[PDB]
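Below sits a lone chain in structure tokens, taken as the form deposited in one PDB entry.
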């Protein structure tokens, strides 16, 4: 089930804050599969802490690994309102610019 439907807005704020208060150098990112995707698998992990010094290329690289992709597989990692951000764009720039009302940063992966 979608993370937003698995935890109440109340619950979610609280996690984000607990993350802030316990791991202040990490960005809280929720990563999930695009709703209408077929050719790419559901991952066991949806909650990701991402070192705030990195950029989008790092994330694209972690998700490849977890999805067990091969170089050939081009995929899209889209933030928030299906936005494409530069892979050079640092996640901390991305976070401030695109984070949800609940403190998390939501992304989805897709292909084609």
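Here the rigid core means the biggest group of C-alpha atoms that line up within 1.5 Å when the two forms are laid on top of each other. Only residues modelled in both forms are compared. Positions refer to the first chain, counted from 1.
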26 to 34 or 78 to 86, whichever carries the higher mean Cα B-factor: 78 to 86
Higher-B stretch (mean Cα B-factor, as the entry records it), 100 to 108 or 15 to 23: 15 to 23
Where the record places residue 39 (Cα B-factor, split into thirds across the chain): highest
Within-chain third of residue 72 by Cα B-factor, per the entry: highest
Residue 64 by Cα B-factor - lowest, middle or highest third of the modelled chain: lowest
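Not on display, but discussed next: the form deposited in another entry.
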Residue from 31, 85, 27, 40 whose Cα, after superposing the rigid core, lies 2 Å or more away between this form and the one not shown: 85
Relative Cα spacing, residue 76 and residue 83, in the other form - shift of 3 Å or more: closer
Distance trend in the other form - C-alpha atoms of residue 81 and residue 9, change of 3 Å or more: farther
Stretches between this form and the one not shown where the CA atoms of at least 3 consecutive shared residues shift 2 Å or more, core fixed: 80 to 87
